Every structure is written in structure tokens, then in C-alpha cells.
Amino acid sequence: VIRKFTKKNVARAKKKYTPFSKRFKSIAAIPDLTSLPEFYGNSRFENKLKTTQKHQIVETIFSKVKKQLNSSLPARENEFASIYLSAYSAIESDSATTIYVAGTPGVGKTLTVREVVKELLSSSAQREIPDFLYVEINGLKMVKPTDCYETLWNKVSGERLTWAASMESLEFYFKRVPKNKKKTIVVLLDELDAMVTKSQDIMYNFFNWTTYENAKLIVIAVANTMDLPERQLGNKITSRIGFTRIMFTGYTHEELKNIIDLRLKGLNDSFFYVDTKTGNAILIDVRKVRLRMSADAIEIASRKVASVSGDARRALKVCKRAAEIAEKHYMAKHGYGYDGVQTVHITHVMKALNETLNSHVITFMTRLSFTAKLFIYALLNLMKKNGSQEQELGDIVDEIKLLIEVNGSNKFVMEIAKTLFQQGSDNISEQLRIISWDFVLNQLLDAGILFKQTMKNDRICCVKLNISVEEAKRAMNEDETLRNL
Amino acid sequence: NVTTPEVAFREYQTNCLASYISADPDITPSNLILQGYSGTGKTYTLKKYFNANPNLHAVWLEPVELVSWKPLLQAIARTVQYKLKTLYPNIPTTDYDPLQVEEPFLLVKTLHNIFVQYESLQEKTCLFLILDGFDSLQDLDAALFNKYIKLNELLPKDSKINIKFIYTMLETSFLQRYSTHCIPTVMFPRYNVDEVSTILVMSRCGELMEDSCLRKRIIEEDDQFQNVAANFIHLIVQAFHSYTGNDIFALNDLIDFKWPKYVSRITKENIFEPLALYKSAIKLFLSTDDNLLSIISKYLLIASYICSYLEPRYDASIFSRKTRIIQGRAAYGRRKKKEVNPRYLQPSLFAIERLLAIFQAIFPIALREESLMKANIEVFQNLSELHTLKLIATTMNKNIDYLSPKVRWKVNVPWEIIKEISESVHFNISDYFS
Amino acid sequence: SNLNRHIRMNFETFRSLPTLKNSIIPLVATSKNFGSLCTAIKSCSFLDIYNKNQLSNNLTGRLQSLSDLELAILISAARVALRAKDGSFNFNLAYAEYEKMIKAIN
DNA sequence: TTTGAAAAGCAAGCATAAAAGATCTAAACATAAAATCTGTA
Ligand SMILES: Nc1ncnc2c1ncn2[C@@H]1O[C@H](COP(=O)(O)OP(=O)(O)OP(=O)(O)O)[C@@H](O)[C@H]1O
Ligand SMILES: Nc1ncnc2c1ncn2[C@@H]1O[C@H](COP(=O)(O)OP(=O)(O)OP(=O)(O)O)[C@@H](O)[C@H]1O
Ligand SMILES: [Mg+2]
Ligand SMILES: [Mg+2]
């Protein structure tokens, strides 16, 4: 038969369509799912990425410092206690509950929740509480937002079903199955804002299963914002999530110090056998070298990060960047390759902090050609003349022509007018646009300095500055020629 | 190690093609753009260059025949492996289906799978993918050309087959969208009138040799025949260059239309004197000649034109002709006439009832004779037909309800068409615009 | 030298070495012998020819390919667009301006 | 034969309806691999 179109790349998973409510003949016929081989969880790729080294690589003194500062809990004790007490009471009373946690990035939400469920699993290993199943659902790690329905049911039953069948199965399992035939499930919903669809059915279902009497379900919902339910969710879901919500504040600088010095307990103020032939250092031709990080360097890093964000990732990356700068300076002076006392002091931390804060924008427009800077200068002149923050391109063409023909006594303009309008030939006729007109316009568009409107008339098309006018004039004043006229 | 052909007024372009297109993949750019308008010899020069160098392996595609991006990807995947089959017939391959390519990354994957089975070749080779008319895709956006620019970076670096893209473009603005990519571009400017005349002689004289009309009239009444053909071409150019511009195709059309009638005025007296042949065949060098409703409906169209091009507040000053029992004054009319000629601009919008009032004001005619004409079934059927024939338009074009009082009406005919309509029923519409 | 002048012109306008490479490549390749290449790199006249070709389909070069009727119609439309306040025109007003200009010329 | 005088005409300024279209979505239309359902055997 003749097809109107073809779908030759369809890849369909092997997932059944029959839900759990039809799996048994009656409610009384459902067995103990805890005593089932495939229920409640009762790494095939990790050998793929291995090879032989055939080399002994050099690990300098700063390498152990840089590995100790990677993201891969002295300051989270009240939040740990609250989350642990709520989850513990819900587990050992066979209750269903929702624990809401919100915060800015890198303040330790995921780490605290994972340590809470680790200590809960340790409690259930010694029979202080009934045994439970732990499930992680990250909303940013799903292809489709409905795949969470597929994931949780697969973690509960071992079945592979499609998403509507999975959510029917989960609805039947939480609602109708008796408690004595079930197990407690703790579900971490990480990145909750990613699980928000147009119709909020996933959020309603996940928080409404926690209001079922038989469910034995605990949902730990981790969100960006305290008032995410009030901003983006319905009143029923906001009622079901609750009024009691746990805020993870940004870290103060004493806590960022505590985190960094907890990362630097075993190598800060310690000795190394350095082997100055290669620089490969071994922790206790060969010298005993003390390594230290300055406490005031950690102080200024922690103070800057705690004022700006309180992010632990940012503080660890700042200290790691400082160690990288010190290691680059160290390997420059010896030529150690990769195959006394060395200190990560204040200035490395300051150079690491300022390299994220210095702007390349003014440096970028400084090193442009004459024609691009002439474009920017004419656009600034038109912006101050007619007061508009949006200028027609034909006006910019006429302004460039006017600035060339008015400042015709300038020596640079005398030297460059023939280049700008004839490419210095006297065989090319006089042009209506300058040489490299479309080039510098497209260059300022790729850089994001300019915005242009989608019109096909070139003269009446408008152009806007996407950067600050003060930055543009500061760039234009650095040039010797354009600051004169 | 390449052969430069001789193209009559494209010598720089041919040297540029020789400088950019070679069998060595190391000294050949990944992308090459030929930019010029219609009839500038881009296809002719590229074809002459690839005919002068048969060792260069070229695949020709017309992006106008494919319309969209997905058939273009499938056409590339089809024609590349067909050319590779016909080029190395002893290499065993797998015939991948070109309809498997639905996305650009699928084209990258399919081209990789095709190219990894020609790895037994000796020397690195060039495959030239010529997209003649890239910006002639009916369905074109600004993001499509970026994919073809960066396509070579996703294909394997040390392959024996290295694809090279040659693009042909029409529009200067489309090319200037991509100026920061710094692709080598050869420009084909529009021809001179002298070059157009030379190309027309050298490409149409031999076609005017064996036309059966000329020889049939010589029998029925070789440098001399070339002389009369070239004189006809030069007369066509000198008569219609201001009409055609430097369009080769328009002058080809005019030559093809006017050659047989010019042939039919060649006599034995005319065959040696070209001025007498130009005097006898004169009327086809003066003009180009390149061309090819009921009573109620005509008056409804006339009334719609009147409604669209006259202001409604002057209506009672023109058509009102009935006597009065109650005291009253009609509209005085315009105090001074405007100088804008409103039939130069777009028509105004009017209601149905004003159109009916003006229609029965100007439609032709003891106690029950019913002198005026009411708007019965036939009037509304004719108006509906006029909307069907697109001689009347609305503001709404799709899902338009005729019956809403918020729906307005306008005429869309030119002034000449409504003049022909008004003079077909002997109506004097030009009085109303005086 | 002429090559330094072309480098200076690129530095003032494009400031792009790929742009200069796209002109240097056909200068090298179109030479047929060693002395011709030496004359080409000493004079850089091919760079002038290349620069002329890169602009030949611009607005300036497209106007120089127009016929007299085309130029007259374009001038008439530009007159009508200048007199308009939205810069807009149609075929009828441009033809009116054209016939007025032809009458006042003849 | 006149005659003031009210109906009608014109302009500037501004609030506002309407047109055009940019952007998007639902639904009809279309295909398709895996699961499931008959259905004799
Ligand atoms: N209290 C802490 N003690 C030690 N290390 C910490 C602490 N808080 C955060 N970190 C470090 O910072 C990293 C980021 O923490 P985490 O993943 O928990 O952040 P998060 O609050 O969930 O943020 P995001 O919203 O970006 O997901 C941790 O992996 C850990 O390395
Ligand atoms: N230099 C030339 N010498 C001889 N004949 C020529 C020359 N240039 C063009 N022609 C003739 O005119 C025809 C039109 O040229 P061609 O098809 O190459 O134009 P083009 O620029 O590719 O046009 P388009 O954009 O419409 O495809 C050619 O097929 C050929 O017959
Ligand atoms: Mg997290
Ligand atoms: Mg062509």
C-alpha cells in the first residue's frame, strides 16, 4: 500500500499496558508484596570505560588539594533533625506524609536529604523502624515528565509499564492495597519545578497519594523556591503540600570556612616528599615540603561567597581555582610536566575571585576595528540626538556618512575615507555602505552587543543596544580618534 | 592540475573556480558560494568547469525541485551513495534507505555509515555536492544554511571521501546574513547589453538556422542566413532592451515569439537589403505583444466601486432626486475638490445596506408598477457569487460569517476593469469621479 | 609595499585573517609560474580585482546594470517615496510620476 | 427680489475600534511497533 508519509526510525520500548488492578482477581487475592521476588528492588556498563595507563602520571603537591575540594555536614544539623524526625515518625507509624524543602542552589538540600535517608536505612537495618524502599526521582533527568510514573512503579513492583498504566497501578497500589501487605516508600522528588506541566496532574497525583490512608508513602519534595506552590500550583495542591515548609538558607562565612577546612583536614599544614626531579609528591632529589592554605585566604573567599550567594559549590570552586593558579605558577618555574613551603595565599584567591567579575565587554569593543567602533559611535550619537533607544539602520548609514564628511580635516579620516568607500582602489566605484558594513553588523549581532529586528527592508530596520550605554561610551572613549571628534 | 575552460564574459569567475575546486581535499575549501542573479551564467560556468575536468566527481542537486529541508537531506543521502556506487562498482556496500534521514544528525550518521565502507581506497578524494539554488527553497529560514556550513565538522576527519559543498545563491541580502563565516564567494554580476547581445547571437543563431519557417519560405518564394539571424537579434535587443533590461530569458522569449512573423516578411527583394526588411517588419518592433456577469452583478460591482471610492457623507448630494412633502435640505456636496485621485490608493470598507442603497439608486427602472428595485433573492445571490469570484472582498478571508454586522466589504477590481464593466452596460461612472 | 597596504586596509575594516586568506588563495593559485607569482605578490593587483568582484552585486553595482526605463521608474518611485510620510508607494503613483517626468523632459 | 439663519461642511486633537499578523494550540488526519485479544486447534 502507498503511504502518505513514513516513520522509519520508530523505537518503541517493551512495556506492557495492563495495570496492577487487573493483576489479581480481587482485593483479598493480593498477596504480601513484601514477600514477592520482584517487588521493592529484590550497573552493567561500568567496565566499558577502562584501559591500561602505560604511563606513571605526575601528581604535584596541589593535585591532592584540588581533588579534596571537589563536590564529589557541620552546618546542617537543625534541618537534618527536622527532616529526620518527620520521616522517622512517618515510617514507624505507617503514615503517609509530605516534607517540603526549598532553597537556592548549592546550599546542601540534596546532600542533607541523602544523609537523612542513609541514617534512616541504618536505623531500619538494626530493626528500630520497619524496613522501607528509597526512590529518587529527579525531574531534570527525565525525558518526558510522565516518566516519573514509569520510574517509581518500576522501583516498586519490578514491572515495566507505560506511563498511564503505571500511574493507574500506583493509584491502585497506594489507595486500595492494605497496609499489612505493603512496605513504606520514601520518594525524593528533586527539582520539583521541572515536574510542573500545564495541567498539574503529576503534582496533584504525587501529593494526593500522600493523603491516602493506606498509602504508606513519604514524599520529600525539594524545590527552588519557598512559594513555588503559591506561584505555579493550584490551591488543592498547595493545600496538600502543606503550610510547614523547610527553608535551606545560604551559608554564612563561618560555615563556608567549616566546609572548606573539613575538605582540608588531612593535607593543610602537612609535609610531603616532593621528588623535585619530576615534582610527583607523596604524602607522609627529594625534599620535605610543607603545604598550607592561608586562613585569611579562606576567610576572604568565604566572605565574598557568603555575601553573594552562600553557595558551597561556588566557595569550593573558588578555592580550587586558587589552587590551580598556584599550581600553574609552580609548574611554570620548574617545568614539571604531566607524564620549601608552597602556599595558596591571598593573591591567588583574589585573582580567582576577580577573574569571574572582570567584564570582557569593554575590552571586546576596545579591540574592534575602526568600522565597528564607528558604527557604535554613530549609534550612540543618534541615541543622544533623537533620544530613542532604537535607531533605524539607514539613520546609522547617514550618520556614518555625516561623521566622515564633517570631520574631513582629521588626518585619520583623510587617510581612511578612500579605504572606507572605495577599498583604496580607484577602480571600485563609490559605495553606499562602508567596506565591511555587513561584516561588523553581523559581528556585533553574534557578540550579543546588538539586537536587530526581523524586517527585510534594510533602511527602516531598527537596531538596539543590548549592552549598557555607559559601557559603550567607556569603550568609545578609549580610542584615540573617536574621542577627538 | 586543473583545466580552465574559456567562458566568454566569465573569465575571472572561471579562474576563481580553478583556484578553488581541485581533486586534492587539502587545498579545497569545505564550502564555496557562487552568488549572482538570474541569467548571470552561474550554472553555465559551473557546468563548463566540470565538463573541462572529468576527473572531478560532482553531484548536482536542484533545491527548487525539493521545496523543503527534509527532502533535501534525503536527496543528499540518496544521490551521494548512488554516485559512490557508480564511481567504484567493485566496492561492496550496504544500501541505506535515504528515507531513514529525517533530521540533520541522521544525515551525519548516514553519511558516516556510507563513507566508512570506502576506506579501502588509495588516495583521499573530493565529492562535490552542488546545491544549485539554495535560497530558492520555498520553505527557507535563516537557520538552515548554518547546518550546511557546520556539517563538515561532524564527518570524520581522516576519511577517504571528503564532501565539499558548492552553493549557488540569488540574493545579496541572504548572502550578507552569513558574512562572518568567511566562506569563499565568487560573484557573478549582471551582464552588459553588449555581452547580452553577444551571448544571444552565439546561443540563438544556430537555433535560428534550422527553423523550418525560414527554409520553408526560402523554398516557397550560409553566411547570409547568419547575417539575417544576427540582424534580427540586434533589432530585438535595440527595440526591447529598455523593456527587458539585461534579462537573457525575456529576450529569448521575445526572439522566439517574433522570429516566425519576421520570417514571413522575407522576400527576394528583402533578403539582401536589411533596411527594407526592417521597414516591412516594423510593427513587431513597436509593441512587445507578450500577452495571451449579469445585469445585476455588473451594477452591484459598479455600486461597490462607488461605495469604496466615495465618502458616505457625500451620498445624499448625488443620488437624491425625490421630491419632498416635509421640509428638508439635501447635502450641499463638497465645498472644494481634493487633489489626491483616490482610485490610486486602496479601497475603503463599506456596509451591506449602503451598497444596496447605491445599487438601487443607479439601477434602471402606474400605481402598482414598483418603479424602484428591491433587494430580493437574486440580488443577494449575485452578491454572494461576487464574493465567490473574488471581485468583492472582506476583511476576513477564512471562517468569515456573512451575516455579522461587524463584517465590512470592499471591491477588489482595478479601475480599468470596472471601466470596461461600466461601458459594457453603457453606465457613465467617470462622471462620478469628475 | 602594496601587500602592507592591503593588510592595513584589512586591519582598519575587517580585522580578520580568514578574510585576507580568502583573497590570498586565488592570488597564489592563479599564478602559472614563479615570476608571475612574484609579480602578483609584489603588485597585489589581483587583490584589487577580487575586492571589486566582492562588491559587484551590492546596491551600487546593481544600479549600474539598470536600463533607462528601469532607472526612470526607480527614480520616479524614489520621488514618490520621498514625498510620502510613511515612505510608501505603489505602481500607480510611480507611473504617474514617470509620465509626468517624461512629459516635462520631452 | 431680498435676507438673516439654520442646515451643512472642514479642521485639530484625541480616544478608541479594527485590521493585520505573530505566535500558538487543538483537532483532524496519518502511521506504527508492542501488547493484547480472539479463536479455532
Ligand atoms: N553542609 C555541607 N557540608 C559539606 N559540603 C557541602 C555542604 N553543603 C553543600 N556541600 C557541597 O556542595 C555540593 C552541592 O550540594 P547539594 O547537591 O546538596 O546542593 P542543593 O542544595 O541540592 O543544590 P541545587 O539546588 O543546585 O541542586 C555538595 O555535593 C557538597 O560537595
Ligand atoms: N557566458 C555565456 N556564454 C554563452 N552562453 C551563456 C553565457 N551565460 C549564459 N549563457 C546562456 O544563457 C543561459 C542562462 O544562463 P544560466 O542558466 O547559467 O543562468 P543562471 O545564472 O544559472 O540563472 P538562474 O539563477 O535562473 O538559474 C545558459 O543556459 C546559456 O544558454
Ligand atoms: Mg540538588
Ligand atoms: Mg541556474
Side-chain angles (χ1 to χ4, degrees), chain A residues 1-25 143-147 149-150 153-154 157-169 197-199 201 451-457 460-462, chain B residues 68 70-71 74 97 99-103 106 139-143 307-308 310-320 324 326-340 342 345-352 354 392-402 404-412, chain C residues 85-86 88 90:
Chain A
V1 79
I2 300 271
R3 298 209 226 71
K4 281 146 203 196
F5 61 98
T6 47
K7 281 156 76 157
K8 304 260 208 252
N9 297 294
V10 169
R12 188 179 179 105
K14 279 188 231 131
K15 289 152 147 114
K16 322 289 171 267
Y17 316 144
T18 309
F20 191 67
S21 42
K22 300 316 100 210
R23 202 76 72 252
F24 302 106
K25 66 181 187 292
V143 167
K144 303 181 214 170
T146 47
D147 276 330
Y149 287 143
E150 295 182 0
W153 180 244
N154 177 76
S157 68
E159 302 172 30
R160 300 220 311 146
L161 267 44
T162 51
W163 77 259
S166 293
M167 80 150 314
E168 269 143 12
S169 315
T197 79
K198 293 179 179 179
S199 89
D201 276 359
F451 283 157
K452 205 171 78 77
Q453 151 195 57
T454 317
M455 298 291 237
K456 67 176 298 192
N457 189 280
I460 75 105
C461 185
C462 75
Chain B
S68 298
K70 186 167 162 158
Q74 299 166 341
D97 187 37
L99 277 35
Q100 219 89 30
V101 177
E102 96 204 67
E103 285 286 299
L106 289 180
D139 306 279
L140 186 77
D141 46 81
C307 283
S308 265
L310 298 181
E311 216 34 71
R313 65 143 281 249
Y314 302 102
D315 268 350
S317 176
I318 302 178
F319 319 98
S320 274
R324 294 161 189 260
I326 318 293
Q327 316 193 331
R329 313 154 77 123
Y332 311 146
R334 36 181 74 253
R335 255 148 47 175
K336 62 174 187 62
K337 54 180 74 173
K338 62 180 158 38
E339 326 294 311
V340 88
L345 316 92
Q346 282 186 15
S348 264
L349 297 158
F350 53 88
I352 277 304
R354 184 200 175 190
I392 303 294
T394 43
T395 36
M396 259 158 308
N397 322 83
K398 41 181 293 183
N399 212 37
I400 153 201
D401 44 335
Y402 293 118
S404 176
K406 292 296 141 187
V407 168
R408 284 192 290 181
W409 292 106
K410 68 191 168 185
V411 70
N412 48 330
Chain C
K85 61 185 178 68
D86 56 347
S88 192
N90 46 58

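Side-chain atoms are counted along with the backbone in the values below, which use heavy atoms only and exclude waters and symmetry mates. Order of the sequence lines fixes the chain letters, A, B, ..., with proteins taken first and strands second; residue numbering starts at 1 for each chain.
Within the 4.5 Å cutoff, the side chain of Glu159(A) has no heavy atoms near those of the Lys16(A) side chain. Taking 4.5 Å as the limit, some side-chain heavy atom of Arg23(A) sits within range of a side-chain heavy atom of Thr18(A). Contact check for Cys461(A) versus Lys452(A): side-chain heavy atoms found under the 4.5 Å cut-off.
Heavy atoms of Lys338(B) sit nowhere under 4.0 angstrom from any nucleic acid atom. Residue contacts shown for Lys16(A) are limited to sugar-phosphate atoms, with no base heavy atom under 4.0 Å away. Residue contacts shown for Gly333(B) are limited to sugar-phosphate atoms, with no base heavy atom under 4.0 Å away. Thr162(A) comes within 4.0 angstrom of no nucleic acid atom, judged by non-hydrogen atoms across all strands. Nucleic acid contact for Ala11(A): none, since no nucleic acid atom lies under 4.0 Å from a heavy atom of the residue.
Distance CG (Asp315(B)) to P (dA8(D)): 14 Å, rounded to an integer number of Å. Protein atom CG of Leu161(A) is 11 Å distant from nucleotide atom P of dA35(D), rounded to whole Å. Rounded to an integer number of Å, the gap from CZ of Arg335(B) to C1' of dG9(D) is 4 Å. We find that CZ of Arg408(B) is positioned 7 Å from P of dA18(D), with the value rounded to whole Å. One atom, CG of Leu349(B), and another, P of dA18(D), lie 11 Å apart when rounded to the nearest Å. Nucleotide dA18(D) holds its P atom 15 Å from the NZ atom of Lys410(B), rounded to whole Å. Between the NZ atom of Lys4(A) and the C1' atom of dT31(D) there is a distance of 11 Å, given to the nearest Å. Between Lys8(A) atom NZ and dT31(D) atom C1' the separation is 10 Å, expressed in whole Å.
Between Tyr314(B) and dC10(D) there is a side-chain N or O to OP1 or OP2 distance below 4.0 Å. Between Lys198(A) and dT25(D), a side-chain N or O to OP1/OP2 separation shorter than 4.0 Å is present. Taking only side-chain nitrogens and oxygens, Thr18(A) comes nearer than 4.0 Å to OP1 or OP2 of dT36(D). The phosphate of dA18(D) has OP1 or OP2 within less than 4.0 Å of a side-chain N or O from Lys406(B). Contact check, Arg313(B) against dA8(D): no side-chain N or O comes under 4.0 Å of OP1 or OP2.
Closest to the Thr395(B) side chain, of the nucleotides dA19(D), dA8(D), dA33(D), is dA19(D). In this structure, the nucleotide among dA34(D), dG9(D), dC10(D) sitting nearest to the side chain of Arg12(A) is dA34(D).
Taking atom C1' on both nucleotides, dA5(D) is separated from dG9(D) by 16 Å, rounded to a whole Å. Going from the P atom of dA20(D) to that of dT16(D) covers 23 Å, rounded to whole Å.
Between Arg3(A) and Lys14(A), the residue anchored closer to the 5' end of DNA chain D is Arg3(A), taking for each the nucleotide with the nearest heavy atom. Ranked by how close their nearest DNA chain D nucleotide is to the 5' end, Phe5(A) and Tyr17(A) are led by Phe5(A).
Side chain of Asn154(A) to main chain of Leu161(A): no donor-acceptor pair is present (N/O by atom type, distance under 3.5 Å, no hydrogens or angles). Side chain of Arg334(B) to backbone of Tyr314(B): no donor-acceptor contact under 3.5 angstrom is found.
Remark: the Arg335(B) side chain and the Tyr332(B) side chain contain no N/O donor-acceptor pair separated by less than 3.5 Å.
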